[PDB]
Amino acid sequence: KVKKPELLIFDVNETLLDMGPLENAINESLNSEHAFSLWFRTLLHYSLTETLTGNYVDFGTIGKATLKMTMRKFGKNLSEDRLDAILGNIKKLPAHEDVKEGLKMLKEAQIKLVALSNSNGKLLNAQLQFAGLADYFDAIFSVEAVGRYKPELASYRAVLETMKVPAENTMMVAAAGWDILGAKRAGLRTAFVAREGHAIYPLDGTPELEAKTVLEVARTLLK
Amino acid sequence: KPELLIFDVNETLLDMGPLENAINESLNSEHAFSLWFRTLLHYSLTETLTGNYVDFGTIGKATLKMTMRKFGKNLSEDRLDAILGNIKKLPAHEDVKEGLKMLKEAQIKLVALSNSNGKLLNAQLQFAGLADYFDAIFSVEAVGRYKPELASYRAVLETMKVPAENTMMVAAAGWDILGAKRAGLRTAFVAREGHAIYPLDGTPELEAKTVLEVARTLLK
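Set out below in structure tokens:
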């Protein structure tokens, strides 16, 4: 059997929520099935560019700026109102179909559950309320509160200090290889959710546990 | 007016055409290269933030292995090395040589700064016929920190012993402009196809469509 963690931290955008509605809005508006993936990776890259060059900017503001950059790469010239409408879909993402059963199972095993997202606190709450997930969490964390994005070590550590749990008793559950990598190097245990279109980072990014869904992560931990 | 020009190599001086074509053809999509390259860039900053320096080309092969499956392909090691090996043999953009000559004749010091490792960077500049324009060629390997970290630009300034305010970074990437700006440098954006300025305080001192037009603006 697997040692039970005291604390599980979940990524939200890629791990708990289905970004379908936002992916479709972006791909339809820039007229390419490839726009969303490029936009999201550009957003992430500029968040780390901001923090490395000495700056914290609201993640959603970076999202809007990098969507304007991506729209130009795809030949589109969209109004400010149209861009806000497209990005507003990030507030209206359903949960992946397995998540609620998984979170219920984990809560019944008396593991503390928290969310950690780069998205700002107001937005993160609105997302989790819309998806019907907010009530499962003992706490909901945005990196905004510390001004440092994932995968910076201070992002995970702020949760640990707030929850008063040691790193080695905490497991990060994430669908992004870079999220797994950051948590590992901050000393946390890790579970990769192999959502469609996500890979493990092969340069020392191997997680402790791997499963296809959050529910299968719960079943592996609690078996 | 600048004493020193620092040139980005991969996006600014060199045409990545041969590598973009090899990646896109192997993954059967005109969009694979752009996604792969942005993933490479993101994992490089992930490495430096979580406390590790890794050879940039090692990250590039790793992130190509992550990307290929998104396009339904699982390329062999022999296949990957041949695809990525194209990065050693890129032609210069057609305007670059005349611009660099003009700048060199104006007695402005010219240096190259790339995330690519030093062995690769030098082989690239030789293949392209560009090596002799530069007073010095710098890989971020020497400081163990990638662009756009402050230390990358700063190592060049300290080596050349030129102040930030008399140095101009010439780059086709919005993030490279931003890093150079925040390190105190003057900046010139080369608007190569498919690259934009970053709208959150990323505006360069100068903008032009080519390196030759950057040179002409500087020397007019």
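Order-wise, the sequence lines are chains A and B. For the first sequence, the authors' numbering assigns the number 226 to the last residue and increments by one with no breaks. For the second sequence, the authors' numbering assigns the number 226 to the last residue and increments by one with no breaks. A virtual CB, placed ideally from N, CA and C, is assigned to each residue, including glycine.
Fill in: Residue environment, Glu199 (chain A), which counts as buried when at least 16 other CB atoms sit within 10 Å
exposed
Worksheet item: What distance in whole Å lies between the Cβ atoms of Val217 (chain A) and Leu19 (chain A), which are believed to be in contact at a cut-off of 8 Å?
Response: 7 Å
Discussion item. For chain B, check one thing: does any of its Cβ atoms lie closer than 8 Å to the Cβ of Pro205 (chain A)?
Written reply: yes
Item to complete: Would you mind telling me which residues of chain B sit closer than 7 Å to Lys71 (chain A), beta carbon to beta carbon, in chain order?
Response: Within 7 Å Cβ-Cβ: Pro205.
Item to complete: For chain B, find out if any of its Cβ atoms is closer than 8 Å to the Cβ of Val60 (chain A); answer yes or no.
Response: yes
Discussion item. Residues of the stretch 66-93 of chain A in Cβ contact with chain B at a cutoff of 7 Å, in chain order, please.
Written reply: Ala68, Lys71, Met72, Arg75, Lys76
Worksheet item: Would you call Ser82 (chain B) buried or exposed, if buried means 16 or more other Cβ atoms sit within 10 Å of its Cβ?
Response: With fewer than 16 other Cβ atoms within 10 Å, it is exposed.
Fill in: According to DSSP, residues forming a beta bridge with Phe195 (chain B)
B:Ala177, B:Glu213, per the DSSP bridge assignment.
Worksheet item: Can a CB atom of chain A be found closer than 8 Å to the CB of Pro154 (chain B)?
Response: At a cut-off of 8 Å between beta-carbon atoms, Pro154 (chain B) makes contact with chain A.
Worksheet item: Where do the N-terminal and C-terminal ends of the beta strand (DSSP E) with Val117 (chain A) fall, by residue?
Response: 115-120
Fill in: Continuous alpha helix (DSSP H) stretch holding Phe62 (chain B): start and end
62-76
Practice prompt. Going by DSSP, name the residue or residues bridged to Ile12 (chain B).
Written response: The bridge partners DSSP lists for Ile12 (chain B) are B:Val117, B:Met175.
Discussion item. List, from N- to C-terminal side, the alpha helix (DSSP H) runs of 4 residues or more that fit wholly inside the stretch 122-175 of chain A.
Written reply: 124-133, 156-166
Practice prompt. Could you check the C-alpha separation between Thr64 (chain B) and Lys226 (chain B) for me, to the nearest Å?
Written response: Cα-Cα distance, rounded: 42 Å.
Worksheet item: Within 8 Å (strictly less), CB to CB, does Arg44 (chain B) reach chain A?
Response: Chain A contact via Cβ: present.
Discussion item. By alpha-carbon positions, which one of B:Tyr159, B:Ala161, B:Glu31, B:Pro210 ends up nearest to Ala178 (chain B)?
Written reply: B:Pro210
Fill in: Residues that DSSP places opposite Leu20 (chain B) in a beta bridge
Within the DSSP bridge table, the entry for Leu20 (chain B) names B:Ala98 as partners.
Discussion item. So for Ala189 (chain B), helix, strand or coil by DSSP?
Written reply: coil
Worksheet entry | Contacts of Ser145 (chain B) in chain A (Cβ-Cβ under 8 Å) | In chain order: nothing, as chain A lies at least about 18 Å away.
Discussion item. Can you tell me where the alpha helix (DSSP H) holding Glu83 (chain B) begins and where it ends?
Written reply: 83-90
Fill in: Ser40 (chain A) versus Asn80 (chain A): straight-line alpha-carbon distance, rounded
Answer to the nearest angstrom: the Cα atoms are 19 Å apart.
Worksheet entry | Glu53 (chain B), DSSP secondary structure in three states | helix
Item to complete: With DSSP as the reference, label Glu26 (chain B) as helix, strand or coil.
Response: helix
Worksheet item: Which class does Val220 (chain B) belong to by DSSP, given the choice of helix, strand or coil?
Response: helix
Worksheet item: Quick one: Cα of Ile203 (chain B) to Cα of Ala186 (chain B), how far?
Response: 13 Å
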